[PDB]
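Take a look at the structure below.
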Amino acid sequence: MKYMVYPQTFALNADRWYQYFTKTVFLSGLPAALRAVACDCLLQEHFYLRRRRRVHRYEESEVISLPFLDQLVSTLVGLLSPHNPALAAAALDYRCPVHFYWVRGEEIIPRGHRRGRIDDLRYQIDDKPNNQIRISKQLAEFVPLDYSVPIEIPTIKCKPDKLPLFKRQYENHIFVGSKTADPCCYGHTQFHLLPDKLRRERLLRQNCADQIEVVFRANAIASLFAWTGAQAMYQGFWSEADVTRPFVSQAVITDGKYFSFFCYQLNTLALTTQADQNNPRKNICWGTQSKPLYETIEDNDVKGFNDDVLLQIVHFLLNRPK
Amino acid sequence: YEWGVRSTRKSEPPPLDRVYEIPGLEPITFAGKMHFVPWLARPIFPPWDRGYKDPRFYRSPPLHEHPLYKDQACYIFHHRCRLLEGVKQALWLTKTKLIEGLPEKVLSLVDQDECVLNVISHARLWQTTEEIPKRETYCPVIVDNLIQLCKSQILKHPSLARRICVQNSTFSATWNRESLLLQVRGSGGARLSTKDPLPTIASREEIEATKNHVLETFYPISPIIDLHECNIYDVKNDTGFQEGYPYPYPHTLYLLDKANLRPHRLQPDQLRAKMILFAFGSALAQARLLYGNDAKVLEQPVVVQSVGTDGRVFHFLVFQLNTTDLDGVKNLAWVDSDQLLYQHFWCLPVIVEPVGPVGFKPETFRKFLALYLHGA
Amino acid sequence: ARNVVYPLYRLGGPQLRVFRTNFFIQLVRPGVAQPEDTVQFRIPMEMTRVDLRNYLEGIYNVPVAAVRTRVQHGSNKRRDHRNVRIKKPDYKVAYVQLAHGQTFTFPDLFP
Amino acid sequence: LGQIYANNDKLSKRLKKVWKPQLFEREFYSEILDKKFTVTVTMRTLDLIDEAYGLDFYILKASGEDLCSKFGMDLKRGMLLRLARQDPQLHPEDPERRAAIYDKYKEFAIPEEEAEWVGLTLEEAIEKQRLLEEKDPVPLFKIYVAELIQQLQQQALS
Amino acid sequence: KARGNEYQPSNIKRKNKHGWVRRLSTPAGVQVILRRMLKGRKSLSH
Amino acid sequence: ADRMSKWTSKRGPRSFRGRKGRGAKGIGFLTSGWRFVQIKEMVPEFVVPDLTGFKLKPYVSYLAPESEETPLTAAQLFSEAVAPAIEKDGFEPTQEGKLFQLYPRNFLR
Amino acid sequence: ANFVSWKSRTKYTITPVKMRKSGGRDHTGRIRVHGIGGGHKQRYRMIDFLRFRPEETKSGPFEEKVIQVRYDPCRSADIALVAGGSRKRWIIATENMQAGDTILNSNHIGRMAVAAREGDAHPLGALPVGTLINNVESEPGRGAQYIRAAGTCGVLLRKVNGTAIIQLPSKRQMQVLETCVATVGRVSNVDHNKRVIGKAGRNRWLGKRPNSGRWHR
RNA sequence: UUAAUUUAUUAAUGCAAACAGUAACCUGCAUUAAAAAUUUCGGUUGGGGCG
RNA sequence: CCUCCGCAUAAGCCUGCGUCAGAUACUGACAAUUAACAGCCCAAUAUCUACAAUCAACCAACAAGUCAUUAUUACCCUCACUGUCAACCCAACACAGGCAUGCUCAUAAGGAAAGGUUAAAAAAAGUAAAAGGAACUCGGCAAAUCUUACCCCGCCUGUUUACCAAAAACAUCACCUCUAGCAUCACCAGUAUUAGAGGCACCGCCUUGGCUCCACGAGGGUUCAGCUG
RNA sequence: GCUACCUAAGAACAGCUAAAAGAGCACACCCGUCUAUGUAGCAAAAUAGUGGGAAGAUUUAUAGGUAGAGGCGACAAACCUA
RNA sequence: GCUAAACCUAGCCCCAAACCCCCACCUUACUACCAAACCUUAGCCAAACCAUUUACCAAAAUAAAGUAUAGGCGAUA
Ligand SMILES: [Mg+2]
Ligand SMILES: [Mg+2]
Ligand SMILES: [Mg+2]
Ligand SMILES: [Mg+2]
Ligand SMILES: [Mg+2]
Ligand SMILES: [Mg+2]
Ligand SMILES: [Mg+2]
Ligand SMILES: [Mg+2]
Ligand SMILES: [Mg+2]
Ligand SMILES: [Mg+2]
Ligand SMILES: [Mg+2]
Ligand SMILES: [Mg+2]
Ligand SMILES: [Mg+2]
Ligand SMILES: [Mg+2]
Ligand SMILES: [Mg+2]
Ligand SMILES: [Mg+2]
Ligand SMILES: [Mg+2]
Ligand SMILES: [Mg+2]
Ligand SMILES: [Mg+2]
């Protein structure tokens with residue numbers, strides 16, 4: 001029995017809880033014709049495409065923002081492959097699952113025939129990023145292994161099902177987006193969009209100001225941890241033979257309009273109790289505040305466009321292995 | 001012999017009481033009570049119609065009383081119809097002449113494979129958490145990565161930054177043939193569209209040669225045989241884009257099939273017919289968007305390509321529409337079928353024989369690369 | 001309100017208002033160490049999440065960020081002196097997660 | 001539905017027997033209603049109609065249980081109401097012929113308040129009666145303002 | 001073999017076979033309910 | 001096989017458990033994804049007055065006087081409402097266009 | 001029982017219909033026919049038996065092109081999917097009609113006996129005397145109910161002023177009206193009767209179980 | 001069952017009964033069949049049976 | 001030191017070893033299973049769908065097969081409700097029995113055959129046994145070591161008397177004979193190469209058959225060899 | 001809700017040999033040949049070893065249908081809630 | 001001297017008189033909201049078997065009278 005951890009989650013303070021489940025310290029910050037094509041694809045998927053069945057706002061996310069990111073990422077890869085030869089041999093998956101299964105800590109069985117026994121408490125992330133870009137050569141590291149980070153990872157005092165998180169028993173899958181015998185096994189950029197349930201319009205219909213930032217951060221921590229951990233376990237490290245080189249990836253999480261960018265570095269797979277009693281390292285996730293790409297659409301133009309957001313997508317697609 | 005067995009059909013409502021026969025006295029019914037009683041003759045309730053209308057319980061009006069009703073029998077070729085005669089019924093419907101070979105222009109444009117083995121393996125071997133990915137899973141992955149390979153060959157050919165691919169665009173086009181009014185509806189595949197119209201591929205000499213050339217007949221099969229006999233249809237023609245759309249000219253139509261069930265898949269000839277009708281629909285919709293709606297012979301022909309489904313077996317098509325004068329001179333279609341990159345893929349070892357493709361060939365991928373690169 | 005026939009809504013009728021609510025909830029001490037900003041409530045069976053959220057928003061001016069509910073089965077296992085079963089009732093429990101980090105903590109009544 | 005002895009001999013088997021009548025689909029004109037009815041008659045009805053000198057006379061003369069049909073008594077109260085109201089039965093331009101009809105059957109004339117209740121079952125009679133006395137309630141605003149107006153007119157008189 | 005357990009429970013079979021709706025469908029089942037009601041039974045059906 | 005215990009939503013196969021439910025009133029309707037559409041008008045709105053600056057409070061004093069019972073009969077309400085008829089010497093004829101209809105009740109509590 | 005018969009379909013569809021087995025049982029739920037039950041699961045191809053059924057707002061004698069001869073699990077012959085005009089349908093295929101032949105459906109009574117091929121269908125006035133025919137109808141227009149099983153061919157023995165005489169394959173004679181339509185030639189799946197069933201398993205796949213107590217007496 | 005009694009029920013005839021005429025289905029009464037249906041199967045006996 | 005065990009879902013139960021207090025897993029009190037998993041679906045009128053599956057690719061069939069929408073009309077209001085515990089269910093029992101599916105292949109999970117002695121008989125189970133090797137016995141039953149052939153019956157694989165009979169009986173391909181010329185609630189959406197009923201027993205040769213006749217059997221007997229309390 | 005048969009939509013069948021066969025050996029499962037224990041039993045038919053089938057005329061979950069001189073039956077007067 | 005034993009009213013029986021009874025709930029009842037009733041009782045039982053027959057039951061004081069009457073003319077009615 002393992003907790004199904006959901007990256008795209010409705011729960012409150014899931015960033016803090018996933019920091020606990022994952023052993024990440026979260027640090028805010030970071031470690032032309034492109035504007036024409038971004039505006040073109042954006043206006044194509046909102047206005048310029050003709051619609052027979054008229055589009056509702058329950059389906060607007062998966063009919064609008066999903067092909068928008070699909071074509072935007074594909075064309076940005078196509079137009080940045082001259083500037084960077086890493087995106088020539090890269091593999092580009094559209095909605096391919098990224099599972100990672102890890103054990104983190106222990107519990108005492110509360111009741112039953114097995115009452116009072118030690119049970120390692122398992123988790124599994126089952127994720128489908130919108131689209132991701134994978135390399136055959138490892139990216140940079142942003143930071144040497146075992147950094148200082150005097151920020152003190154949270155210390156969750158309840159059971160992990162008070163954040164509504166639920167146990168199930170199903171197949172234990174560790175999956176980078178492609179199988180193990182695939183040369184393009186490392187990854188460097190991953191693009192998520194938040195679903196219809198997680199509209200920040202709905203969260204402001206509900207009762208917050210910063211829990212939009214919390215859902216962006218939770219998706220970041222869980223998705224990137226699963227993807228870098230799956231890369232590590234593919235390279236042969238596991239919770240006993242911990243990683244030697246730090247693993248790394250990058251993710252932008254959007255909701256169609258708002259974007260935010262994250263960089264993740266995995267230093268530990270030693271998460272279990274016996275492998276974590278004397279483990280000073282911790283994984284590190286760097287995050288940006290959410291920022292809007294465009295403001296509104298008046299059927300032939302995008303009013304307030306954001307060069308900062310477009311250039312950050314470019315930079316994330318633009319680094320490369322050494 | 002009439003189908004529709006009596007026991008399954010609705011029985012006759014029971015005979016009324018004879019107080020309804022006797023004139024003139026009003027029967028005493030259980031309408032004053034608000035329930036059935038088995039004495040007290042059953043009333044005849046008036047036909048109740050909801051005065052307003054709920055969205056959730058709509059009963060669509062009968063097909064006579066619709067706003068746009070056309071008395072002539074119409075036909076629609078939407079994405080599902082599978083033609084009997086296939087390619088020759090397609091040719092008769094669209095008034096074209098067929099060419100067995102791809103043109104020397106795109107062959108000269110023909111005149112890396114590590115990544116091609118990577119795409120074949122990534123589609124049919126490596127992409128899913130279990131073994132043996134299905135056709136719904138591997139076929140769009142193949143065509144998507146081949147489009148990505150061309151958008152990587154951007155470096156050698158720098159004018160591919162003027163063409164974007166569209167995911168869910170519909171379209172429509174209508175014409176006459178006898179006269180009898182036909183129609184084609186939109187795809188669901190990829191529509192690679194560019195900002196600059198495609199070059200004319202055959203000259204006026206070949207145009208007049210096809211004018212001399214005649215069509216074929218396939219009696220007693222009428223040429224409408226698997227066309228959906230459609231009622232009210234909104235005859236207005238449509239390239240599925242609002243006006244002023246950048247990248248307007250449809251370069252290539254990528255038609256793909258999911259549904260790994262063989263009875264659900266298209267046959268090769270029916271798939272070539274689908275490509276021919278869809279290329280003609282897109283080309284004619286572009287022709288009536290640019291020029292007038294009149295029936296004439298175009299001085300500037302339009303060219304639209306198409307690529308077929310079923311990632312193992314490929315079909316390529318180039319369609320030159322030079323006439324919208326239907327009911328003379330004929331359009332041209334250079335097709336080729338069953339290119340068959342990766343003859344077969346053994347996914348599990350057999351007991352000897354390793355995992356992976358068998359019967360591989362790259363000249364078909366060369367044809368794909370050319371057929372992408374024809375515009376620039 | 002409970003044990004009241006609700007007026008049917010057809011398509012574009014008025015909103016259902018309630019004056020003089022029939023719903024009486026009570027704030028309970030959690031049994032199993034729920035977090036900060038989780039209040040626990042015991043609630044009538046006919047009261048939804050949306051009803052409890054609007055109850056607490058309007059009557060008490062508590063900003064509610066999430067409501068979760070469950071139905072607790074009470075034991076039917078006790079027996080009388082007649083060997084006939086005694087049913088402890090079934091109730092509904094809600095878990096209210098506060099907004100803006102308001103962080104309720106159950107006071108120590110009965111010092 | 002009875003028993004019978006096997007060979008018309010009581011010292012023999014006794015054994016069930018059902019004697020049914022013979023049934024015809026005959027078409028009848030009734031001069032009072034002016035309609036052609038097709039009904040399932042038997043020779044006894046046909047003979048009773050012949051000795052009654054017509055279907056109209058048979059149904060108006062025969063008693064409730066000698067007629068013994070819910071339909072037959074529906075026909076009776078339709079005919080009786082036709083007579084009791086003296087309706088424009090065929091149409092105008094023949095009022096002398098209508099007078100001939102109602103004069104031919106003038107003897108079986110009863111009040112309308114009786115002919116409406118002729119022939120009903122008890123279930124129909126109770127249903128008809130409660131339909132008569134439904135009477136959607138009178139608002140007590142109306143009742144009390146009537147009382148108050150009466151009292152104020154009494155005070156104005158006094 | 002060992003023949004103790006002919007009762008293999010399922011609430012769908014229980015409700016469909018002996019339920020109130022089925023009792024009330026048949027006119028003999030209506031009399032079954034009427035008999036339990038007269039006997040005074042606390043449970044008239046499944 | 002308890003006939004005597006109550007039948008609830010905890011007490012059947014998976015379909016039975018999904019269909020029964022406690023007595024909570026519906027709040028919307030279910031369509032075509034098994035997706036649920038909540039209708040705002042079907043959701044009841046609590047109408048709560050502003051109680052600030054108020055003197056009525058949840059008990060009275062024992063120094064309050066005793067007064068005998070008089071239920072509000074329609075005649076008493078009538079006389080208290082139309083003494084202006086006596087002055088001369090309001091009523092609803094039907095209730096189709098009325099929001100809070102009296103007899104086939106439109107309102108809650 | 002709650003026996004709605006599965007054959008509720010009204011429109012003539014060409015697609016197979018999911019066919020429900022019966023177990024040899026009435027609507028009452030009890031066994032009526034013994035020895036039935038548990039075959040391979042099959043699907044019913046809706047055969048049009050009116051061989052001369054001209055399509056909507058059309059004329060007399062017309063042509064059809066055979067598309068596909070096919071095994072039918074629900075009978076003993078082979079079914080030909082044929083196409084003519086704007087519609088296509090299943091018919092019982094006579095022997096030696098491959099995929100590609102062309103067949104003729106004529107209601108015309110030519111005075112001379114038409115020199116016709118083996119596949120097509122005409123009324124018995126156009127058929128000659130002593131002629132091998134299979135799909136035979138009693139009254140004109142009802143549709144063929146006689147010889148249409150696998151390999152059977154009834155002969156036309158003589159033509160009379162308003163009628164004709166058919167030797168049905170039971171060595172029988174039947175008077176038919178002159179104007180009714182019949183297909184010439186013998187039906188496909190000849191050699192079918194010389195198929196040894198082999199195993200009791202093969203019988204149980206065909207859908208016939210061993211059944212005892214066949215006389216509820 | 002080739003024992004007694006019955007065909008009430010089904011069936012196929014016949015006779016009437018209810019239609020069309022021109023110089024089939026329903027009902028009543030008989031019959032022979034089928035399925036049945038009811039009912040019984042004495043006594044003495046050097047155990048009971050056989051005789 | 002043990003275990004076809006264990007964990008999960010389904011079905012079934014319905015709070016049934018959680019805390020505290022009390023009396024002699026009992027009694028009472030207090031707690032608890034939180035939706036993302038699962039269930040509770042679908043606005044229709046007309047209409048479209050000949051192509052199996054089996055790595056589906058050659059290739060192979062017969063017993064002929066489950067997965068599929070379109071033109072238009074109306075439809076943006078959005079995430080409620082319910083299941084969620086346990087040592088559990090059906091067998092009167094804390095019953096050596098019954099119990100579907102996924103996963104682990106000896107377990108990372110789960111468990112304990114001995115209350116304490118003594119060491120009689122009889123009884124149960126096991127292991128070992130000189131010499132001999134079926135002399136036992138109805139019979140090599142049981143054990144021990146593995147094998148040969150002949151007959152009888154039934155052609156075969158199958159089925160059967162739940163709880164004393166598993167067979168030579170029943171069924172079965174094959175064959176014969178009898179009845180039936182036809183449409184819509186079985187047979188049948190069938191048509192004499194079809195359907196219904198009965199009987200015999202495969203097969204090669206010949207016309208109540210007969211003679212051969214191969215394979216199979218927890219059937220019924222017989223022989224040799226070994227092996228053994 | 002057992003059991004007999006049927007209907008509807010499901011599922012299971014290791015390995016080796018073999019190469020679509022009511023195939024061979026043999027697990028899972030289904031059955032119940034022989035013996036031994038047991039007999040108020042663990043059990044109103046079980047246990048232990050031995051055995052037979054185990055890709056099919058197979059087994060099996062869920063829902064439904066046939067009802068008492070009736071059903072149902074690969075006939076055993078078998079089964080239809082010990 | 002243990003186990004016990006003892007108890008009297010909880011009620012009941014037969015008559016007379018008088019004619020009696022907010023919500024949810026036929027879908028899987030106890031679930032807010034969607035396109036049809038009407039047809040002879042049979043048999044055990046007596047006849048010492050059983051085969052016509054065999055009390056009453058399907059409102060009717062006392063007597064007429066167990067009479068007229070019926071009936072394998074017999075049991076019986
Ligand atoms: Mg004697
Ligand atoms: Mg027991
Ligand atoms: Mg352990
Ligand atoms: Mg001891
Ligand atoms: Mg020895
Ligand atoms: Mg001896
Ligand atoms: Mg001896
Ligand atoms: Mg032995
Ligand atoms: Mg045998
Ligand atoms: Mg036995
Ligand atoms: Mg058995
Ligand atoms: Mg046995
Ligand atoms: Mg055997
Ligand atoms: Mg086998
Ligand atoms: Mg034996
Ligand atoms: Mg059987
Ligand atoms: Mg026998
Ligand atoms: Mg016997
Ligand atoms: Mg007697």
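Convention: chains lettered A, B, ... in structure tokens order; per-chain residue numbering from 1; ligands numbered from 1 as shown.
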
message: List as JSON, numbers by chain the protein and nucleic acid residues lying within 8 Å of ligand 14, with only C-alpha atoms (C1' of nucleotides) and all ligand atoms counted.
response: {"J": [22, 23, 54, 55, 56]}

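Residues of protein, DNA or RNA lying at most 12 Å from ligand 18, when only C-alpha atoms (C1' of nucleotides) and all ligand atoms are considered, are residues 161 and 169 of chain I; 75, 76, 77 and 78 of chain J.
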
The selected residues should be written to file as a PDB file, in the first residue's frame (atoms: N, CA, C and O atoms (P, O5', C5', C4', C3', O3' and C1' of nucleotides)).
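The resulting file, again-v1.pdb, is reproduced below:
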ATOM      1  P     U I 161     -23.742 -37.291 -10.300  1.00  0.00           P
ATOM      2  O5'   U I 161     -24.430 -38.065  -9.102  1.00  0.00           O
ATOM      3  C5'   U I 161     -25.832 -38.259  -9.091  1.00  0.00           C
ATOM      4  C4'   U I 161     -26.214 -39.593  -8.504  1.00  0.00           C
ATOM      5  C3'   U I 161     -25.344 -40.134  -7.388  1.00  0.00           C
ATOM      6  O3'   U I 161     -25.649 -39.536  -6.148  1.00  0.00           O
ATOM      7  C1'   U I 161     -26.062 -41.873  -8.861  1.00  0.00           C
ATOM      8  P     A I 169     -22.016 -49.942 -22.037  1.00  0.00           P
ATOM      9  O5'   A I 169     -23.542 -49.889 -21.559  1.00  0.00           O
ATOM     10  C5'   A I 169     -24.000 -50.431 -20.328  1.00  0.00           C
ATOM     11  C4'   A I 169     -24.728 -49.407 -19.493  1.00  0.00           C
ATOM     12  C3'   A I 169     -24.966 -48.052 -20.141  1.00  0.00           C
ATOM     13  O3'   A I 169     -26.178 -48.028 -20.875  1.00  0.00           O
ATOM     14  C1'   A I 169     -23.994 -47.754 -18.002  1.00  0.00           C
TER      15        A I 169
ATOM     16  P     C J  75     -28.218 -38.326 -18.636  1.00  0.00           P
ATOM     17  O5'   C J  75     -28.559 -39.855 -18.418  1.00  0.00           O
ATOM     18  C5'   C J  75     -28.061 -40.575 -17.303  1.00  0.00           C
ATOM     19  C4'   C J  75     -29.049 -41.617 -16.852  1.00  0.00           C
ATOM     20  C3'   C J  75     -29.188 -42.863 -17.721  1.00  0.00           C
ATOM     21  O3'   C J  75     -29.614 -43.921 -16.881  1.00  0.00           O
ATOM     22  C1'   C J  75     -31.249 -41.808 -17.571  1.00  0.00           C
ATOM     23  P     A J  76     -28.652 -45.128 -16.495  1.00  0.00           P
ATOM     24  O5'   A J  76     -28.775 -45.181 -14.918  1.00  0.00           O
ATOM     25  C5'   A J  76     -27.649 -44.920 -14.111  1.00  0.00           C
ATOM     26  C4'   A J  76     -28.010 -44.180 -12.853  1.00  0.00           C
ATOM     27  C3'   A J  76     -29.481 -44.026 -12.521  1.00  0.00           C
ATOM     28  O3'   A J  76     -30.058 -45.190 -11.965  1.00  0.00           O
ATOM     29  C1'   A J  76     -28.368 -41.987 -12.169  1.00  0.00           C
ATOM     30  P     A J  77     -31.461 -45.749 -12.506  1.00  0.00           P
ATOM     31  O5'   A J  77     -32.442 -44.526 -12.393  1.00  0.00           O
ATOM     32  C5'   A J  77     -33.459 -44.532 -11.416  1.00  0.00           C
ATOM     33  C4'   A J  77     -33.617 -43.168 -10.829  1.00  0.00           C
ATOM     34  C3'   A J  77     -33.742 -43.128  -9.319  1.00  0.00           C
ATOM     35  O3'   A J  77     -32.975 -42.064  -8.778  1.00  0.00           O
ATOM     36  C1'   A J  77     -35.688 -42.190 -10.344  1.00  0.00           C
ATOM     37  P     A J  78     -31.670 -42.411  -7.918  1.00  0.00           P
ATOM     38  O5'   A J  78     -30.574 -41.439  -8.504  1.00  0.00           O
ATOM     39  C5'   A J  78     -30.534 -40.120  -8.023  1.00  0.00           C
ATOM     40  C4'   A J  78     -29.935 -39.152  -8.994  1.00  0.00           C
ATOM     41  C3'   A J  78     -30.273 -37.716  -8.707  1.00  0.00           C
ATOM     42  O3'   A J  78     -29.550 -37.182  -7.632  1.00  0.00           O
ATOM     43  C1'   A J  78     -30.572 -38.113 -10.972  1.00  0.00           C
TER      44        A J  78
END

query: Residues at most 10 Å from ligand 10, using only C-alpha atoms (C1' of nucleotides) and all ligand atoms? Could they come as a ChimeraX atom specification?
result: /I:160-166 /J:76

Store the residues picked out above in a file with N, CA, C and O atoms (P, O5', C5', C4', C3', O3' and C1' of nucleotides), as a PDB file, in the first residue's frame.
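Result went into result.pdb, see below:
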ATOM      1  P     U I 160     -20.802 -35.374 -14.418  1.00  0.00           P
ATOM      2  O5'   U I 160     -21.722 -36.537 -13.875  1.00  0.00           O
ATOM      3  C5'   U I 160     -23.112 -36.536 -14.125  1.00  0.00           C
ATOM      4  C4'   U I 160     -23.693 -37.906 -13.922  1.00  0.00           C
ATOM      5  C3'   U I 160     -23.442 -38.540 -12.574  1.00  0.00           C
ATOM      6  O3'   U I 160     -24.317 -38.050 -11.584  1.00  0.00           O
ATOM      7  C1'   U I 160     -23.102 -40.124 -14.293  1.00  0.00           C
ATOM      8  P     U I 161     -23.742 -37.291 -10.300  1.00  0.00           P
ATOM      9  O5'   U I 161     -24.430 -38.065  -9.102  1.00  0.00           O
ATOM     10  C5'   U I 161     -25.832 -38.259  -9.091  1.00  0.00           C
ATOM     11  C4'   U I 161     -26.214 -39.593  -8.504  1.00  0.00           C
ATOM     12  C3'   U I 161     -25.344 -40.134  -7.388  1.00  0.00           C
ATOM     13  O3'   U I 161     -25.649 -39.536  -6.148  1.00  0.00           O
ATOM     14  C1'   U I 161     -26.062 -41.873  -8.861  1.00  0.00           C
ATOM     15  P     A I 162     -24.552 -39.435  -4.989  1.00  0.00           P
ATOM     16  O5'   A I 162     -24.296 -37.883  -4.835  1.00  0.00           O
ATOM     17  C5'   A I 162     -23.496 -37.175  -5.764  1.00  0.00           C
ATOM     18  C4'   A I 162     -22.792 -36.023  -5.103  1.00  0.00           C
ATOM     19  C3'   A I 162     -22.673 -36.109  -3.580  1.00  0.00           C
ATOM     20  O3'   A I 162     -21.403 -35.606  -3.163  1.00  0.00           O
ATOM     21  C1'   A I 162     -23.750 -34.107  -4.178  1.00  0.00           C
ATOM     22  P     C I 163     -20.213 -36.613  -2.764  1.00  0.00           P
ATOM     23  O5'   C I 163     -20.630 -37.127  -1.325  1.00  0.00           O
ATOM     24  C5'   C I 163     -20.302 -38.435  -0.890  1.00  0.00           C
ATOM     25  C4'   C I 163     -21.473 -39.120  -0.234  1.00  0.00           C
ATOM     26  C3'   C I 163     -22.711 -39.335  -1.096  1.00  0.00           C
ATOM     27  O3'   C I 163     -23.330 -40.536  -0.663  1.00  0.00           O
ATOM     28  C1'   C I 163     -23.301 -38.124   0.807  1.00  0.00           C
ATOM     29  P     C I 164     -23.334 -41.843  -1.573  1.00  0.00           P
ATOM     30  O5'   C I 164     -22.676 -42.932  -0.644  1.00  0.00           O
ATOM     31  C5'   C I 164     -21.298 -42.887  -0.352  1.00  0.00           C
ATOM     32  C4'   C I 164     -20.718 -44.269  -0.354  1.00  0.00           C
ATOM     33  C3'   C I 164     -20.740 -44.984  -1.686  1.00  0.00           C
ATOM     34  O3'   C I 164     -19.644 -44.603  -2.495  1.00  0.00           O
ATOM     35  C1'   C I 164     -21.502 -46.434   0.020  1.00  0.00           C
ATOM     36  P     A I 165     -19.787 -44.479  -4.084  1.00  0.00           P
ATOM     37  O5'   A I 165     -20.444 -45.858  -4.532  1.00  0.00           O
ATOM     38  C5'   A I 165     -19.682 -47.047  -4.646  1.00  0.00           C
ATOM     39  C4'   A I 165     -19.968 -47.762  -5.936  1.00  0.00           C
ATOM     40  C3'   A I 165     -19.677 -46.949  -7.179  1.00  0.00           C
ATOM     41  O3'   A I 165     -18.331 -47.128  -7.575  1.00  0.00           O
ATOM     42  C1'   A I 165     -21.859 -47.882  -7.310  1.00  0.00           C
ATOM     43  P     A I 166     -17.453 -45.918  -8.136  1.00  0.00           P
ATOM     44  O5'   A I 166     -18.062 -45.702  -9.575  1.00  0.00           O
ATOM     45  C5'   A I 166     -17.710 -46.578 -10.635  1.00  0.00           C
ATOM     46  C4'   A I 166     -17.048 -45.845 -11.773  1.00  0.00           C
ATOM     47  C3'   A I 166     -15.710 -45.197 -11.455  1.00  0.00           C
ATOM     48  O3'   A I 166     -14.914 -45.186 -12.639  1.00  0.00           O
ATOM     49  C1'   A I 166     -17.301 -43.527 -11.996  1.00  0.00           C
TER      50        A I 166
ATOM     51  P     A J  76     -28.652 -45.128 -16.495  1.00  0.00           P
ATOM     52  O5'   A J  76     -28.775 -45.181 -14.918  1.00  0.00           O
ATOM     53  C5'   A J  76     -27.649 -44.920 -14.111  1.00  0.00           C
ATOM     54  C4'   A J  76     -28.010 -44.180 -12.853  1.00  0.00           C
ATOM     55  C3'   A J  76     -29.481 -44.026 -12.521  1.00  0.00           C
ATOM     56  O3'   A J  76     -30.058 -45.190 -11.965  1.00  0.00           O
ATOM     57  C1'   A J  76     -28.368 -41.987 -12.169  1.00  0.00           C
TER      58        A J  76
END

field: Test item: residues no farther than 8 Å from ligand 15, counting only C-alpha atoms (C1' of nucleotides) and all ligand atoms, as a list in words
entry: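 Here is the list of contacting residues: residues 218 of chain I; 33 and 34 of chain J.
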
message: For residue 94 in chain C, find every residue with an atom within 6 Å (counting only C-alpha atoms (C1' of nucleotides)), except residues of its own chain fewer than 6 positions away, and show them as a PyMOL selection string.
response: chain C and resi 40-41+68-69

Any chance you could export the current selection's C-alpha atoms as a PDB file, in the first residue's frame?
ATOM      1  CA  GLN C  40     -13.712  19.430  12.771  1.00  0.00           C
ATOM      2  CA  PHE C  41     -17.498  19.552  12.762  1.00  0.00           C
ATOM      3  CA  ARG C  68     -14.225  17.484   3.296  1.00  0.00           C
ATOM      4  CA  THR C  69     -16.906  15.189   4.694  1.00  0.00           C
TER       5      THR C  69
END

Closest pair table for chain I residues within 6 Å of chain C, only C-alpha atoms (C1' of nucleotides), as CSV:
residue,atom,partner,partner_atom,distance
I:15,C1',C:75,CA,5.7
I:31,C1',C:31,CA,5.7
I:34,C1',C:68,CA,5.6

Create the file for the chosen residues now, containing C-alpha atoms (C1' of nucleotides) and written as a PDB file, in the first residue's frame.
ATOM      1  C1'   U I  15     -17.635  -1.256  14.193  1.00  0.00           C
ATOM      2  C1'   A I  31     -12.938   8.080  19.198  1.00  0.00           C
ATOM      3  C1'   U I  34     -11.612  12.804   4.749  1.00  0.00           C
TER       4        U I  34
END
